[PDB]
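In what follows, every heavy atom counts, from backbone to side chain, and hydrogens, waters and symmetry copies are set aside. One-based numbering, in listed order, for ligands and for the atoms of each. Proteins get letters first, then strands, A, B, ... in listed order; numbering begins at 1 in each.
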Protein chains: 2
Amino acid sequence: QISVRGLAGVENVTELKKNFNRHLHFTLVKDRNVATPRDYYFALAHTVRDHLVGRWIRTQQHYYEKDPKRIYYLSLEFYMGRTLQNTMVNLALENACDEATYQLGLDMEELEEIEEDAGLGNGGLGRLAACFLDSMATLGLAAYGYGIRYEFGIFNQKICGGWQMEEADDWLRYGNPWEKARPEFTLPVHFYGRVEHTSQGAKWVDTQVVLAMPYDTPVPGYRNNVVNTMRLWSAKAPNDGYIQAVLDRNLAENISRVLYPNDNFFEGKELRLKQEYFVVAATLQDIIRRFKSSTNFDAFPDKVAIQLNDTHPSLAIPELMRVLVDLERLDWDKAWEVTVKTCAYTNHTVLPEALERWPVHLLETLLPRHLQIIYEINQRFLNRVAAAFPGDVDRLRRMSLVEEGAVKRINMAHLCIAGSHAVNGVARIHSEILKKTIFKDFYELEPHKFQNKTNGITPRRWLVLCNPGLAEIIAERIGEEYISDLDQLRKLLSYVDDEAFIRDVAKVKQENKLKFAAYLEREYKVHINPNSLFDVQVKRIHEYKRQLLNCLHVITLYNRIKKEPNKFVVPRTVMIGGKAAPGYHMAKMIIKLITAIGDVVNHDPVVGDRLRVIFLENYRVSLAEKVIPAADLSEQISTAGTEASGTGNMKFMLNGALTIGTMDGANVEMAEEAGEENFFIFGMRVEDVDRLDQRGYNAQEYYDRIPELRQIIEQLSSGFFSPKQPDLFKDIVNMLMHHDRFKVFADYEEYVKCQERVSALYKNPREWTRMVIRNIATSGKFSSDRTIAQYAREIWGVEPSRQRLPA
Amino acid sequence: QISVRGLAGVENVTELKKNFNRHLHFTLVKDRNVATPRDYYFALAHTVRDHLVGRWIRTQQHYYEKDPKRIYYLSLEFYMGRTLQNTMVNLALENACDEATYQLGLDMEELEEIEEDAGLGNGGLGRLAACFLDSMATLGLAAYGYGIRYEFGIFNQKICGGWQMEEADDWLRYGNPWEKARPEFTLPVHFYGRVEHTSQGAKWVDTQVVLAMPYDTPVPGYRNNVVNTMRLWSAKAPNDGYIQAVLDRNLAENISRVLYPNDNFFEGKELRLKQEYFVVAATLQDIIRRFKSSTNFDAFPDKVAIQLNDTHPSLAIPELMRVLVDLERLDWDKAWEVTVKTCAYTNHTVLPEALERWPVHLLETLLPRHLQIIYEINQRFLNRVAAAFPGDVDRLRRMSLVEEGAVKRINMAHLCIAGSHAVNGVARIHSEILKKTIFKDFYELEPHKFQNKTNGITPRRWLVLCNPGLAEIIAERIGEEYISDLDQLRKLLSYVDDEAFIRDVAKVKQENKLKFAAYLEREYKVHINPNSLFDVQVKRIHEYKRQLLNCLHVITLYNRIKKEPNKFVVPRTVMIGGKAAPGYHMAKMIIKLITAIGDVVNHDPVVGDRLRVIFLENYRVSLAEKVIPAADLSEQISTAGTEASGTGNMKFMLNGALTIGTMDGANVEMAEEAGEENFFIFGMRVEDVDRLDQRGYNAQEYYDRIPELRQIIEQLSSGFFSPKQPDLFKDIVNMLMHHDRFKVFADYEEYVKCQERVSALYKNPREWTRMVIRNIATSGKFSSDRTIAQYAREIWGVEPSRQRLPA
Ligand SMILES: O=c1[nH]c(=O)n([C@@H]2O[C@H](CO)[C@@H](O)[C@H](O)[C@H]2O)cc1Br
Ligand SMILES: O=c1[nH]c(=O)n([C@@H]2O[C@H](CO)[C@@H](O)[C@H](O)[C@H]2O)cc1Br
């Protein structure tokens, strides 16, 4: 069908079909009379996986032959989504398989819908890992992601009476045709025990052993025949009344059972710390073994790079020491030079509540040697500090890896800064904030460590895969080179005044909308109007992301309609979606509000189809690939200073949505790239937020000076949105009036004005789309290939390579 | 190489090798430089499984086409062992694969050794199930085995200081290439709840749901292209703070976790009852669904047969009623006619302690409706009894399905007899005992129900697979027809006086011995003498099987050697092996004795290599295939009246070992078949045991009249066999002297005399072997093909068929 999807050569289409049949018959053990579409999906997944493998064995060979420096990306989260269509695209099988499956009388897109998402992540941090892998492969880096094979991923969200219900994501139920179990490289991981000092030094003894069994999943580059590995560990109890002893094997395997579902919130539970050590321990042995097939650890950092994805794998640092000091018998000072030279750290937040500070008493019981190492590290660090700022006892207390208070904690961030050679933020404003505020002391000590790597996203999933109609019309004008050189989208800038291109851009957006409205009725019986502006905010539910502010705009548009029913307004479909962590009471109330506004607004006959408020259930990677292509307005409205970067924002820029946002995180760089003219920016800057905080935020003030806002609150307090429980939302109203750490009212007024300008521009189709053209054409910087190239050069010290490996 | 193993056609050997390579590469994702012998094993297992599948899909089709009566074999146990070599043999690939793997530079027998046993059974009962499946397939019956897919099978036994240690059998660790997971036919099973009576009858409500997910394993007939199914259920929790709620999913999945390891002993634990209901519930729905693709349940028994393997699946009877009465709305009397006509029951013991008597309070809590059904059944049964024996209130109390006492029990056996149309014992003497003693009342009521089906074993595993050298020399003389017509071995009777055949039989036995002695040194550094008589007793450790009596003979041979060191004795290697249930204190002591005798006898320099006592670790199917071919003397020495049939005994008859045994179980029929002349029979008959019991067994008497025995006991009491714990065996001595339910001393004297005659015959090689010839040639009756044909005709009402299905 479309050009970007590759060749359907008579040759390939014939070989693909017999492999489909071979798999249906031998692998699936079904015949054409009993096969369900699920069996067809699998037969196709095994058929396409067949093409990866030869390439997979050859890449892993090459790396043995050539022995390059290896990159290890440690993350507790890899939010991968579906793999089928991704693999077809990176391999150029898409048009062939489409031919093949058509000739067999199947619709491929119907089959693609059967694949479960691999939801082994919560949001932005886990998905960044996922994009980063795609980019490492595409750029020919010798790179492995290590994490955990959770048997249950982020829960599936159900709405029952406008409340979230959580059910288990049982993604493995039907098998994972992408992974290959690797029981022959199972390794032991150790817990508890106690430390023994001998003549020959410390020994960690009487430990409980959990085995770590790896699963490998292929990660293919874009058309370069590189296939890298994602290795995930699973927990296995070792083989050493009887009935009970067997059932208790489960206690050890609970380690890899389930992903902790809290995003941007630290809970200091033990099970979590065990998961953190588990991946760190199994991975470092795998790393050192690979190194040992090159006594001499001086070359370790020329051969190994370890990237810490937030502080989740921070124990990699004392564990690397433990191994080097206790088992390999290097001397401390040398072990410490190898460590610092090996590891580097990426910070993803400045929210106090998001930072890991583990209680000393947990680490003592569970990891007694590692606590000893951490005290040694801290002591020698403080002596460097003391030596550089003589007599500054305050600095010593602040910078310490050990926090005093009613329970001592280890501040995991302080450990990563100390034991890493580079520390980076994830957008320019974010990294400045780091240097100016929370890591100020560490910056003054070691300025050379601090860097910036503005996040990106992969153009393969986020354009080519989910917006083939747009990738197509872009490719008719400028070729295909851009899919791995997103900087080339600038060439589109000279098309801004082209009547044909304008109409094609708008046409594609219109088609995407028509598809999405149809998915909405088919799968959830919800009846939108595809001619409205699609105003969407999708992301995890959090006070800092300010969904509430979005709510207050919505209620406003609706109060203004009721006040003058016969006046013309631009119609909108407001779409909000995201999961709330199960214990996060406020976030769960916010979901309830959104649907409650829906029950009122969606059934007012005066409103017409001028305004609909939809709550999108189960927001996830695969739902993102559907709603992002179909959006007109992208909501990125966090309080200045709190959203480290955002990546949702980039997905939307790239797919012809316009952005309304605060000067936060990567928003600052996006508007910088497209020009502030072509962006809808509003509200406080970081500086204004600080001015507010010194003086004191008092929300009453806004309540008294803004009648529109006063009215909304009165409707919230009195039950206008909850007739059978008049007091339902007193927590929200109360938090808004007295305890709002994120200043929703302070941006209310500016946000509503900005929103009127969005409507204004929307009324002139031609001018909306040229502004679109202008964003799409400047989104190049936000490719993860750009981010990874910076990591590669400025941190890991390896050269990217776009060169093909032989077929 | 050998003739019986099939053709190595240039054609097949070429196609097999490329499939080996295709699997190594695509399925295993390995290349020829990293592959371990384990990868080679797997590549071959998938290559051979490929040939099963087309045949598998075609058999299941045929049954749809032709709609025959279906046989359901319900067992909690299927002791299958290895599958590779079995599949090659039933399919005729053995010589080809042997060629193929040789040309690739691999030794196939080395690969075969890597396959884990599927130890989903304890001993005779689980293995009978396994042989029966092979025979149903070979005889073209439309037959399914249903059971449970235990994640851990019978524990692996380790010996540490001559004590048993149990470790988990983690048989799934590396994957099972034989099964095919079938998540699309997952079914719900219900527990707990409570019963509600309406106008419309009873409803079982507020239940806990466990899902049952099936796994299918292929069961191929011998060269007839029939491939039947073994379906095993696995436990799955359904999908409906949060962390804990997820981990607790394990509680529901513990149902299929592990096989209860007690053989011939009832433990009334809840987990066990849940397993019993689980398989019964999931299976009956699968059965009724299959029936529903033929309102009208009158044809149910013409279409369905359910075989109960002991009382383990006895709930099939009230569950069949529950479904028919409560859900299908048949009236009671009609539902009861369908049930009785559908089910039949096989009893495997008369030991009181082995019978299931489930406490009422367990069944009330867990299965409240089924208890109501059982009371209804019992009431109407007692009214039939009352009506036939007016005023016999004693009979009423004895025959009741409900046993009174400090805790009420349901006697599961009484339920099976009542709700089945046939009840059978597993050897002729066993079925007589049934009719004369424990089921006497039920016999007087319904004589037409009681039958006999003497057990058999499959000649494919138990001759062709484990004794190719013997199968070979048998086949040079009489052809190959005998492998599925074991009755043809009689033709060997006219070879008893053939000097060439004599020497071939003896030669094969000698080779088998040489192999086994070499396996003994290689895998366990134990140094036997292959010229000795191989005296073996292998089977589970139980007081009734009288390993102790074997011990006392051993100690005797050794005391006689010490008394006259310079006299000539026939050398022996005594080999005893078997697992003891983990809580069975006495059985664990017996293992300790055996090794203790080993520490003394094996290191007396006077004994020489005249006597060695070996304890064989980890007795299992795959160890049986090795030691049975290599044995000269088969020990089958249970107290008359206690071993229901035995099947170990038949394995040995068929493999040229001679039997020393009591007149017990199938021994009576074996000696009947070969002639008492050609069998070494000794000890009490059942009648003598009863004479003893009336008078009173008093073991002191034997102690006083037999100085040899007195001496053995004195050595046991005083620490001769345990120098550092003089009191170690006081439990054994004490049990022997005062509390022996199995009369070891009463057979001592007769057993030792009989043993001297075995030695005598052993000294004349020529006469030993002709006696061998005589046993092998009469073993025909003991084929499971004979047993299954009887089941088929006399119970299930279907015609066996030896006819091939098209290739
Ligand atoms: O727990 C977390 N979860 C998460 O999604 N992020 C996100 O990390 C993404 C990747 O860096 C960023 O774009 C977002 O600004 C940031 O919130 C950070 C933490 Br810390
Ligand atoms: O729990 C049991 N385990 C077992 O192996 N059998 C055996 O059943 C075999 C199969 O019928 C028979 O040959 C043996 O005599 C009998 O002991 C019976 C019970 Br009941």
Side-chain angles (χ1 to χ4, degrees), chain A residues 75-77 79 121-132 260-266 309-312 346-351 353-356 413 424-427 430 453-457 539-540 542 544-545 581 636 638 642-650 664-667 787, chain B residues 75-77 79 121-132 260-266 309-312 346-351 353-356 413 424-427 430 453-457 539-540 542 544-545 581 636 638 642-650 664-667 787:
Chain A
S75 179
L76 268 277
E77 283 192 36
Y79 206 173
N122 276 284
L125 175 158
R127 178 59 223 189
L128 182 95
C131 284
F132 274 16
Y260 270 90
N262 34 271
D263 216 20
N264 267 290
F265 192 84
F266 175 66
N309 195 22
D310 211 76
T311 68
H312 304 165
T346 296
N347 164 280
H348 296 264
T349 196
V350 296
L351 288 197
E353 74 257 48
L355 291 206
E356 302 204 276
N424 79 270
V426 292
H430 169 56
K453 303 295 176 252
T454 316
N455 282 169
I457 57 177
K539 67 189 57 231
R540 293 286 296 252
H542 203 288
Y544 89 82
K545 285 164 189 293
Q636 309 292 337
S638 52
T642 68
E643 185 67 88
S645 156
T647 55
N649 55 191
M650 298 158 193
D664 204 10
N667 297 356
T787 315
Chain B
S75 179
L76 268 277
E77 283 192 36
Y79 206 173
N122 276 284
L125 175 158
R127 178 59 223 189
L128 182 95
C131 284
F132 274 16
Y260 270 90
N262 34 271
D263 216 20
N264 267 290
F265 192 84
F266 175 66
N309 195 22
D310 211 76
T311 68
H312 304 165
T346 296
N347 164 280
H348 296 264
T349 196
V350 296
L351 288 197
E353 74 257 48
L355 291 206
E356 302 204 276
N424 79 270
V426 292
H430 169 56
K453 303 295 176 252
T454 316
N455 282 169
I457 57 177
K539 67 189 57 231
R540 293 286 296 252
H542 203 288
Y544 89 82
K545 285 164 189 293
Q636 309 292 337
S638 52
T642 68
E643 185 67 88
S645 156
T647 55
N649 55 191
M650 298 158 193
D664 204 10
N667 297 356
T787 315

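Counted by atom type alone, A:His348 and A:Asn264 present zero donor-acceptor pairs between their side chains at under 3.5 Å.
Counting heavy atoms from C-beta outward, B:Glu356 and B:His312 have side chains that approach closer than 4.5 Å. Between B:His430 and B:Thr454 the shortest side-chain heavy-atom distance does not fall below 4.5 Å.
Among A:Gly646, A:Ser638, A:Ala644, A:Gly124, the residue whose heavy atom lies closest to atom 13 (O) of ligand 1 is A:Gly646. The residue from B:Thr454, B:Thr311, B:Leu355, B:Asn264 that puts a heavy atom closest to atom 19 (C) of ligand 2 is B:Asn264.
Each of A:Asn309, A:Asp310, A:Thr346 was scored for a side-chain hydrogen bond (donor to acceptor under 3.5 Å, both in side chains) with A:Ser75, with one residue passing: A:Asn309. No option in B:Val426, B:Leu128, B:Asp664 other than B:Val426 meets the side-chain contact (heavy atoms from CB on, under 4.5 Å) test with B:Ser645.
By the ring pair (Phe, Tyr, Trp, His ring centres under 6.0 Å) test, A:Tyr544 is found to be paired with A:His542, residues two or more places apart in sequence or in another chain being considered.
No N or O atom of B:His312 sits closer than 3.5 Å to an N or O atom of ligand 2. For the pair A:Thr349 and ligand 1, the shortest N or O to N or O distance does not fall below 3.5 Å.
Looking only at protein heavy atoms, the nearest one to atom 11 (O) of ligand 1 is A:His348 ND1, 2.6 Å. When only non-hydrogen protein atoms are considered, atom 14 (C) of ligand 2 lies nearest to B:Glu643 OE2, 3.3 Å. Nearest protein neighbour of atom 2 (C) of ligand 1, counting heavy atoms only, is A:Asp263 OD1, 3.4 Å. Looking only at heavy atoms of the protein, atom 7 (C) of ligand 2 is closest to B:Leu125 N, 3.8 Å.
Look at B:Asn122 and you'll find every heavy atom at least 4.0 Å from all atoms of ligand 2.
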Could you walk me through whether B:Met650 and B:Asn455 pass the side chain to side chain contact (heavy atoms under 4.5 Å, CB included) test, one step at a time? CA-CA 9 Å; B:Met650 298 158 193; B:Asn455 282 169; 4.2 Å; yes
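Listed by number with element, the atoms of ligand 2 under 4.0 angstrom from any heavy atom of B:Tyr544 are 17 (O).
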